[PDB]
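Colleague: First the structure, then my questions, so here it is.
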Number of protein chains: 2
Amino acid sequence: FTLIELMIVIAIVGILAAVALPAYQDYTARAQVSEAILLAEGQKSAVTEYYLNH
Amino acid sequence: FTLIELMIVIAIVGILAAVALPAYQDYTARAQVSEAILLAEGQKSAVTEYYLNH
């Protein structure tokens, strides 16, 4: 019944390859989001300039 | 599967070195343009003078 001990090791592996990964689709998003942040930044200038001029 | 976390960091780097640079060929232009602005300025004088005289 080391087999159990085995099947234990199996069992603990059994419920070890499921739901043990939080928030990574969450995390990639941030950067994937933040990528979008990276772009309109330059627009701020003429926006300011417009506000600056006007 | 920190490898994922790794490959995530890779992945987020993956789509991080592409299209994250707005409008700079746009911006250089302005000055590159504005350089051209700098020159004919002096012509305005005799232009005025011509208008001034005449």
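In the structure tokens, the first chain shown is A, the next is B, and so on; residue numbers restart at 1 for each chain, and ligands run from 1 in the order shown.
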Near residue 27 (chain A), counting only C-alpha atoms, which residues have an atom at most 10 Å away, once you skip same-chain residues fewer than 4 positions from it, shown as number ranges by chain?
Modeller: A: 22-23, 31-33; B: 5, 8-9, 12
Colleague: Could you name the residues that touch residue 1 (chain B) at 12 Å or less, counting only C-alpha atoms, but leaving out those on the same chain fewer than 3 positions away, as an NGL selection string?
Modeller: (:A and (17 or 20-22 or 24)) or (:B and (4-8))
Colleague: Selection from above, C-alpha atoms, as a PDB file, in the first residue's frame, can you write it?
Modeller:
ATOM      1  CA  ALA A  17      -2.362  20.354 -11.895  1.00  0.00           C
ATOM      2  CA  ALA A  20      -3.099  26.357  -8.966  1.00  0.00           C
ATOM      3  CA  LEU A  21      -2.589  29.330 -11.285  1.00  0.00           C
ATOM      4  CA  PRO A  22      -4.054  32.672 -10.192  1.00  0.00           C
ATOM      5  CA  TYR A  24      -1.980  35.448 -14.876  1.00  0.00           C
TER       6      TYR A  24
ATOM      7  CA  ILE B   4       4.702  30.520 -18.194  1.00  0.00           C
ATOM      8  CA  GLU B   5       5.293  33.413 -15.817  1.00  0.00           C
ATOM      9  CA  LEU B   6       8.648  33.585 -17.567  1.00  0.00           C
ATOM     10  CA  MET B   7       7.165  33.159 -21.022  1.00  0.00           C
ATOM     11  CA  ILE B   8       4.574  35.660 -19.814  1.00  0.00           C
TER      12      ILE B   8
END
Colleague: Can you work out which residues from chain A touch chain B at a cut-off of 7 Å (counting only C-alpha atoms) and hand them back as a ChimeraX atom specification?
Modeller: /A:28,31-32,35,38-39,42
Colleague: Which distance in Å separates CA of residue 51 (chain A) and CA of residue 41 (chain B), to one decimal?
Modeller: 26.7 Å
Colleague: Could you give me the residues within chain A that DSSP places in helix (DSSP H, G or I), as a count of residues only?
Modeller: 43
Colleague: What is the distance between CA of residue 50 (chain A) and CA of residue 43 (chain B), in Å to one decimal?
Modeller: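 Atom-to-atom, CA of residue 50 (chain A) to CA of residue 43 (chain B), that is 29.0 Å.
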Colleague: Rounded to one decimal in Å, what is the spacing between CA of residue 37 (chain A) and CA of residue 29 (chain B)?
Modeller: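 So the two atoms, CA of residue 37 (chain A) and CA of residue 29 (chain B), lie 23.6 Å apart.
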